[PDB]
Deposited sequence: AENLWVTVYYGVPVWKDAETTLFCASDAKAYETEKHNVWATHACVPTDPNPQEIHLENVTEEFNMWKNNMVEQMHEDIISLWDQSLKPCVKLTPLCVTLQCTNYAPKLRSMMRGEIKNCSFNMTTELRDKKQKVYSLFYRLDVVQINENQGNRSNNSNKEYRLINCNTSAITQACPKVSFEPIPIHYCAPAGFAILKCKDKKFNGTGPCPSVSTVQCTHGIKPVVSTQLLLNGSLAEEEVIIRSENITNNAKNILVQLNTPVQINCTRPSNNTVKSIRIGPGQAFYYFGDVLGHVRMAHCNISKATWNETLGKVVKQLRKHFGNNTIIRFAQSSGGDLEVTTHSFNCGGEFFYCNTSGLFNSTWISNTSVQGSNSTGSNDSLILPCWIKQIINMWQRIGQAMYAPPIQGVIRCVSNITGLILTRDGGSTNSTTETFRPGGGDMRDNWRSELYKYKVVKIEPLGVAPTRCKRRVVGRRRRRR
């Protein structure tokens, strides 16, 4: 037998490479992204591991870099770390909004360095720290806040990760695939589907749904230090609103430096909230419970409870709705024991945002004029786990787990076109 060299062999190895963006202002720079066939591999079985997938780490770095890039030309707001003289906006409220809005007076800079202006602004209580009464912004002892540009949208736009020549992305089409192990039905694509960079905690919004059944995914289902990602078969609709009509004002704080702030409220002051149907949520939890019993025991009591503690960003359901940042209390959703019409979640609004669990950078989100309403799909959950009873609680804050919930079915492989095999052919 003789050694015969074959070039163009359909063989590959696991690889980590640089992926590029394809898409169909906007914080994710989809205009720099290039403009956007699935081939089934009939007898290919491929081993996947969603927990060691470098597409998640690349997506994380890309989303953070795009976020930071969108803030470079925006107003720095250095003059805002001054003493504020604050009172309560509406002293006659007896609702949950009592004390939530502060009417703060301060001396702001102007276009000319030798002139000052007196400004009255409304701030949410979560954005100020008490030193009328003296206050400072929460960021003044840790970071400077940059004002988001009012012209730059925060709406997720689908991003397709395309691989370069010489590499391919394998997709797992097994409806019961749990994110790890052998996949008997694999196809090759060069670009994943469009994944929206939705940023949220506890509840995964506007993502992909499971096919036939709810899917529990965990790096180690018996390690209580790991998160459990739950992919739902059907969505749960969540209707979120900021019912007050907020009037936005603007002042000049330097040459070409405009500061946008919350000016007034037209009409009644009401608490922001989200509505979830009780029957849909209860059916959803029953489905999650059956799938958890499959791993924890058919006779185990499964309990849901509110987040045990930590920063507001992880103890609440955090999301961006219409440009405002909502922090919704989900203790009404995770409060049940499973043995053998509307639900209303109160929400707080914040304007000073500390993204990506970083310290030293902060953003000021300018207010949105009018009344905000948005409707989203809850497509999955992030749960943590604490005998005969197991307790599950909302988790989150590490956005990579939100992206692992979409990239779990993709793997990047390097093509190895050179093969050698014995034949009867001799070179002459």
If I number the deposited sequence starting at 1, which residue ranges have no C-alpha coordinates at all? 1-3, 28-35, 48-51, 147-157, 367-379, 426-430, 473-481
